[PDB]
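S.K.: piece number one of the complex, untouched:
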Amino acid sequence: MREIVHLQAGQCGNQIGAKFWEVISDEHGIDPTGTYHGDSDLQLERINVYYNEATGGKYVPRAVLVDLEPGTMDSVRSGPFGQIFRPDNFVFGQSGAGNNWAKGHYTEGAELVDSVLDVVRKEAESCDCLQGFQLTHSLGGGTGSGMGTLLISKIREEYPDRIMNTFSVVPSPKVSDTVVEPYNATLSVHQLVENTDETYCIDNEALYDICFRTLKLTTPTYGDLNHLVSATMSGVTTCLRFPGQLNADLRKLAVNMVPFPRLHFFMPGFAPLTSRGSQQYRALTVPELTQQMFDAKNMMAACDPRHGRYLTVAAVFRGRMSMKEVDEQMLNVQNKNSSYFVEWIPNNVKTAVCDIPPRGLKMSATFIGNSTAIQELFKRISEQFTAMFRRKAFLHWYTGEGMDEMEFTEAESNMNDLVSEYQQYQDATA
């Protein structure tokens, strides 16, 4: 029932994937060897939502790991948690992309994508009712940006009806860990707006801002940032895996959070977030929790929601809670910050409540937002792209792998329209 098949591409995707499966195995109480050892019957009732079953209780998660070179996958297989995955699901090349979109999409990803599809179909046929596909990748890289967009299109063609959501790391506003991020970022968006139903944009700088600001843990390695991302994405799929008073669904969020087809880029949020030690001087009641979801300080997207306006918002609560407050606070929130929401939508907040909170907690709320302020990000990428493309800064690495600069112009023009479309809804009614 509503099985999810997970796709992970690129070094960031695999590393987020690897952490992402540790938590779900923890939530369901699954041993690293693949043997269920939980304590709640509700963990087995829906264990098929992520995990296949082989005789003997060995639960094999249906994740598809693809990277153009064995580097990151070998670490996963050698990691403590790597024995759980099926050996076949790993798909590895012998020459990784050099961060360039073309090689990982056209010349190298093409030779490997067919191999991946051969395994994704086997996972699809093994599920009685495959809900949709989930992809974790990064726009900055080549393997995640290229093969993820190459593969997201191929699975789109075969299963147009199913949901296909994505979690992607987006270029930071002022720091860049790769010189050619705008080219890969712009090219990847063009291919995504046309094929993906929703995208949870995240960026490291915004997530860095969480580590030291609300938490107090200096030196947060990527292994910790991924945990925050891991927790948020596991919240979106909770209703599919545990009972609740007001169950949500991957399609439920898509219907509510996507007014128009193209404007499906969201930005997530999570709570409660508090540093260890200082945790005991704070309450865990619903009111303070809700305020933590509607402030820029707890936004994982570098864009500040204040500058823009909210279109649609979904709050997915967990744990035993008062449904009154779960809806009274949303009404007060909307009246307090009425200026932050557009007038042409009479109500914007979507509420869902689940019964089982996260492991080690008794309350949790994964915030999701669809605000016009994200246009600033894409506008910023447009600013960087036009600067570089105005002098053909690095086009020769791209055109040398079977590509034409005409595509770059097409992607830039499409990106500008996406920014324009968001802008048109800044204005009020009439």
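M.R.: Nice, thanks for sending it over. Residues are numbered from 1 along each chain as shown, chains lettered A, B, ... in the order given.

S.K.: surely residue A:60 and residue A:88 touch.
M.R.: No - here residue A:60 does not reach residue A:88: they are 9.8 Å apart, not a contact under CB atoms under 8 Å. For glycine as for every other residue, the C-beta is placed from the backbone atoms N, C-alpha and C.

S.K.: out of these two, which sits in the more crowded spot?
M.R.: residue A:60 (16 against 11; other CB atoms under 10 Å).

S.K.: surely that one is in a helix?
M.R.: No - Residue A:60 sits outside any helix when classified using DSSP: H, G, I helix; E, B strand; the rest coil, being strand.

S.K.: which residues touch it?
M.R.: A:34, A:51-54, A:84-86 (CB atoms under 8 Å, 6 or more residues apart in numbering).

S.K.: hmm, 7 Å instead?
M.R.: Listed by CB atoms under 7 Å, 6 or more residues apart in numbering, the contact set of residue A:60 reads A:34, A:51-52, A:54, A:86.

S.K.: for the one residue sitting closest to the centre of chain A, identify the helix or strand it belongs to.
M.R.: Residue closest to the mean C-alpha point of chain A, counted by CA atoms, centre = their mean, is residue A:167 at 1.9 Å. Element membership for residue A:167 (DSSP states H and E) is strand A:163-169.

S.K.: mind listing the helices for the stretch 301-430 of chain A?
M.R.: Taking DSSP state H, counting those that start in this stretch as the criterion, the stretch 301-430 of chain A contains helices spanning A:325-336, A:375-389, A:395-399, A:405-424.

S.K.: which stretch among the ones you listed approaches residue A:76 most closely?
M.R.: helix A:395-399 (28.5 Å; CB to CB).

S.K.: look up phi and psi at the residue nearest to residue A:171 when sequence neighbours are not counted.
M.R.: Ranked by CB to CB, 6 or more residues apart in numbering and with sequence neighbours excluded, the top spatial neighbour of residue A:171 is residue A:181, at 4.5 Å. In terms of degrees, to the nearest 10, the main-chain angles of residue A:181 are phi -60, psi -50.

S.K.: wait, residue A:181 touches residue A:172, no?
M.R.: No - Residue A:181 sits out of contact with residue A:172 when judged by CB atoms under 7 Å, with a separation of 8.7 Å.

S.K.: let's add chain B too:
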Amino acid sequence: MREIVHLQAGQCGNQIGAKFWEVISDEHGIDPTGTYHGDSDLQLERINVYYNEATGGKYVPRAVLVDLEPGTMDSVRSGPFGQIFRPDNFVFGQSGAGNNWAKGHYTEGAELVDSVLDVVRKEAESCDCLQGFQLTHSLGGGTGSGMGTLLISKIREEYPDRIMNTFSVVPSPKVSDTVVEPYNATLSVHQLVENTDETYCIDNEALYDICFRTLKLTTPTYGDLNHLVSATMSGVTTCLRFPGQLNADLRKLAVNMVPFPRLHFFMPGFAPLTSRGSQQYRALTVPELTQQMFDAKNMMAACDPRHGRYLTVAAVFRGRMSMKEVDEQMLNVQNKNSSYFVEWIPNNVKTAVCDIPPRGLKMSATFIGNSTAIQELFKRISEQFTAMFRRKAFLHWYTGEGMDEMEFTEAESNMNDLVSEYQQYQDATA
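M.R.: Adding chain B to what we have so far:
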């Protein structure tokens, strides 16, 4: 009742034979000394299907071993399992064929074939109801190709009514272990289409592709390839040796799998196949088993079934199983790949279920297929033959042993017709 007399010719036949009898002795639980030591009464109820009985429980299998030189037979007699065979059944010459068809069929095989027939008749008269004959040989060689075709004709004349099936190794597509394979291969087919009821074509390259692809065992010696072949052939005869819900028969498969007389060349398949260690991360249920039978990856014939179309297909299951799935999956398989099957046959799948699975397993399915794609193999041999025969590349080794090149033209012309006949059924109805 329905006794089988086994014939093995050539180095490949004896080596496959030798492994072939180890498994059947293992299935029935027969000690290498010839003393039955099994644990199931069903092994003795049908022990006469392969094994004669001499007083004292010494069960003497009725296999006829013929090779033009003592080389390979001496190894068998010296092998750990060689004491079981009757000393008389071994028939050995003193000058092996030099891979040339003529010497092993006309000048040297003729002097030895009469000796073999003298023993085959003794085996035939010792059986109350001799079902048919089984031959294991290779087309590439001289002894297997020549004396096997010489002997298959002689036994055909004496017992026209009985079944006479064969397991033969067929030249690989791009590698050849003998320079003159096309000559021996083409000559041997001409003499087989006219005398044999069914042929399970196999090739080493396709079987090599299994060893490292689905299994993970690099350095697979011939001693392991023969085991796969051993297992498949033992599956065909299972219903004759153990009870089942839907029993099959050597004649049952021939009737269903042979629409027209000449088009009797099949290509086998076996499952489950999984590497040790990784075996525990896979389920053994019927569904995943069936999909493994209808993909080129698990075909022991180098020809890929996708290029062609299926005519008739027989699946011989084993072990305790749900007959519903054993027939529900076939219906889904046919609708999924309707394009892969010809329209002029309303239904193409033949199902048989046995009660006793293979030793060391609880599920097994020996796939058999009759697809038009095999024409590519014979067409390839035609391509090689015309190239060599266009310049009389090696005809002098053949004409020097009592042969005329007119025979080569006859064999080439017949081979082309066989290819044409397969092609005529590519088209759809009307």
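
S.K.: let's see the contacts of residue A:60 again after adding chain B.
M.R.: The neighbours of residue A:60, taking CB atoms under 7 Å, 6 or more residues apart in numbering or on different chains as the test, are A:34, A:51-52, A:54, A:86, B:281.

S.K.: closest one to residue A:110 out of the residues you listed, please.
M.R.: Minimum separation from residue A:110 among the contacts of residue A:60 (CB to CB) is found for residue A:86, which lies at 24.1 Å.

S.K.: thinking again about what came up before, which strands or helices does the strand holding residue A:167 pack on?
M.R.: Packed against strand A:163-169 by the contact rule (3 or more CB pairs under 7 Å, 6 or more residues apart in numbering or on different chains; DSSP states H and E) you find strand A:130-138, helix A:148-158, strand A:198-202, helix A:250-257.

S.K.: just name the most buried of the ones you listed.
M.R.: Ranked by mean neighbour count under mean count of other CB atoms under 10 Å in any protein chain shown, those are led by strand A:130-138, which reaches a mean of 25.

S.K.: name the helices or strands packed onto that strand?
M.R.: Taking 3+ CB pairs under 7 Å, 6+ apart as the contact definition, the neighbouring helices and strands of strand A:130-138 are strand A:3-9, helix A:10-28, helix A:148-158, strand A:163-169.

S.K.: include distance to residue B:328 when you put these into TSV, please.
M.R.: Below are those laid out as TSV (distance: least, CB to CB, whole Å):
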stretch	distance to residue B:328
strand A:3-9	20
helix A:10-28	31
helix A:148-158	23
strand A:163-169	29
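
S.K.: who wins for most neighbours among the contacts of residue A:60?
M.R.: residue A:51 (24 neighbours; other CB atoms under 10 Å in any protein chain shown).

S.K.: which residues does that residue contact?
M.R.: The contact partners of residue A:51, by CB under 7 Å, 6+ apart, come to A:59-61.

S.K.: and which of the residues you listed is nearest residue B:307?
M.R.: Checking the contacts of residue A:51 against residue B:307 with CB to CB, the nearest one is residue A:60 at 32.9 Å.

S.K.: can you list the residues of chain A near chain B?
M.R.: Applying CB under 7 Å from any CB of the partner chain, one finds that chain A approaches chain B through A:53-56, A:58, A:60, A:86-87.

S.K.: go again using 8 Å as the cut-off
M.R.: Residues of chain A lying near chain B by CB under 8 Å from any CB of the partner chain: A:34, A:52-56, A:58, A:60, A:86-88, A:122, A:125-126.

S.K.: with the structure above as the base, add chain C:
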Amino acid sequence: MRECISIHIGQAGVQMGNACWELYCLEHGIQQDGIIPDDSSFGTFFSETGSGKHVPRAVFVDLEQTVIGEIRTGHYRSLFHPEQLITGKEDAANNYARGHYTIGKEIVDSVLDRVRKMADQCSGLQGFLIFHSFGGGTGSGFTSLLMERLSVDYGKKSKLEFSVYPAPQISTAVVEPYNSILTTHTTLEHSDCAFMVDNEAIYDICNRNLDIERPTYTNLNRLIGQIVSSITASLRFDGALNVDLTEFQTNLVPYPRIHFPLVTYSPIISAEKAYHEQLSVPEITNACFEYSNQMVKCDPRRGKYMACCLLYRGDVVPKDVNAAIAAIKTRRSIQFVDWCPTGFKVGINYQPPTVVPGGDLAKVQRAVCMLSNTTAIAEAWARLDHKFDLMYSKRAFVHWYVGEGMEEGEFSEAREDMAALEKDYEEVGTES
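M.R.: Chain C added:
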């Protein structure tokens, strides 16, 4: 008296029903194991069996397996016939089109078969009680389907429903107006009368009267259980001046389209708070005629009452009910329309309520439920129509529907149909 069939569609209807059927089990002393402990009433809502286990006469349908799975695995698993619990594979995802056109029809026929196999095994039959919501896919689209199908196969038999109407300001989904209006259009021509309820109003009551700060769905759906048991009390328990199921529509429906009587219940008092209250007939009767006591947050004084039923329960004094109602007819603030001088319909059943183990509400010796039909509800429709115009003016969510086999023009037709309903209330709000 004879049988009734309860259909619970969608997460709200399915979740509400489980609380309702807990009352029926308690009132008749039926064990949650299904076996009655070692009389003529339960035949209406329960089917006999050779063994002592009575089978509830209801059907549960929900395209999302999760909600019914909780019931199918909860302690009440044995009570329900396994084939009555109909479950699909995937959710309707709050989309009206999915629950009505694409996936709703893939399982609707199966539901009809069990109802047909169930309606055939009752010597007598009164009608249907359909529990659902206005703000979901299964509870809105699948409902519209069954109203159509049940109307054809069992037309001219009563079709009642209890619908969770969208609250004025609190909202639990973004597409409530789109989905709320659509179901209204298709259900007007194939329904008798709908018992509207709002969680906002119920929450307002619960924190106000019941005096519990943190209510939940598991709490509110129980109060909705009380109104159902009081409404269906006549069909089960003996008492002076009974009110059969078919009687509700005649009194509460002056016009075919105008069949939206909002529910009101009294007295909602906690166990501790009740010791300082007397609970006289006028007291409980007066509680039903103020803005502070409604299951729908519509200010009644804005509009005019046009039909009111007071289904009294427990040991009651018919003399006082006659006197208490008379006083309410002679208050200026209360204003019945000019054309309905005969604006009351009393009903008494000699069965005081029963308390759910651990229930918040008190053990009142006497109870009353009011089902007034008022023109103030037009404000709820008027406000809802305003929301729909704002969104559809920008065509801001249509794309999710057109992709599920729903034509563009349907939205326009619905609002224009709702607009006529707005005018219909206005015409009835005046005198010719």
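
S.K.: once more for the contacts of residue A:60, now including chain C?
M.R.: If a contact means CB atoms under 8 Å, 6 or more residues apart in numbering or on different chains, then residue A:60 has A:34, A:51-54, A:84-86, B:281-282 as its contacts.

S.K.: can you check residue A:368 too?
M.R.: Taking CB under 8 Å, 6+ apart, we find residue A:368 in contact with A:200, A:236, A:253, A:257, A:266-269, A:313-316.

S.K.: roughly how far does it sit from residue C:211?
M.R.: In this structure, residue A:368 lies at 35 Å from residue C:211, with CB to CB, to the nearest Å as the measure.

S.K.: same question, residue A:42
M.R.: As judged by CB to CB, residue A:42 and residue C:211 stand 33 Å apart.

S.K.: of those two, which one has the most company?
M.R.: The residue with more neighbours, out of residue A:42 and residue C:211 and counting by other CB under 10 Å, is residue A:42; that gives 16 against 13.

S.K.: I'd assumed residue A:356 was in contact with that one.
M.R.: Yes - taking CB under 8 Å as the definition, residue A:42 is a contact partner of residue A:356 at 6.3 Å.

S.K.: identify the contacts common to those two.
M.R.: Counting by CB under 8 Å, 6+ apart, the shared contacts of residue A:42 and residue A:356 are A:242-243.

S.K.: so which residues of the stretch 1-150 of chain C form strands?
M.R.: The residue ranges that make up the strands of the stretch 1-150 of chain C, judged by DSSP state E, counting those that start in this stretch, are C:3-9, C:46-47, C:55-56, C:58-62, C:85-87, C:125-133.

S.K.: what strands line up against the last one, and which way round?
M.R.: Looking at strand C:125-133 with DSSP bridges, its paired strands and their directions are strand C:3-9 (parallel), strand C:158-164 (parallel).

S.K.: and the angle from that strand to strand C:58-62?
M.R.: Interaxial angle, strand C:125-133 versus strand C:58-62 (axes from the mean of the first three to the mean of the last three CA atoms, to 10 degrees): 30 degrees.

S.K.: for residue C:185, which non-adjacent residue is spatially closest?
M.R.: Taking CB to CB, 6 or more residues apart in numbering or on different chains as the measure, residue C:185 lies nearest to residue C:414, with 4.3 Å between them; neighbours along the chain are not counted.

S.K.: for chain A, what's the nearest residue on the stretch 301-432 of chain C?
M.R.: When distances are taken as CB to the nearest CB, the stretch 301-432 of chain C reaches nearest to chain A at residue C:387, 3.9 Å away.
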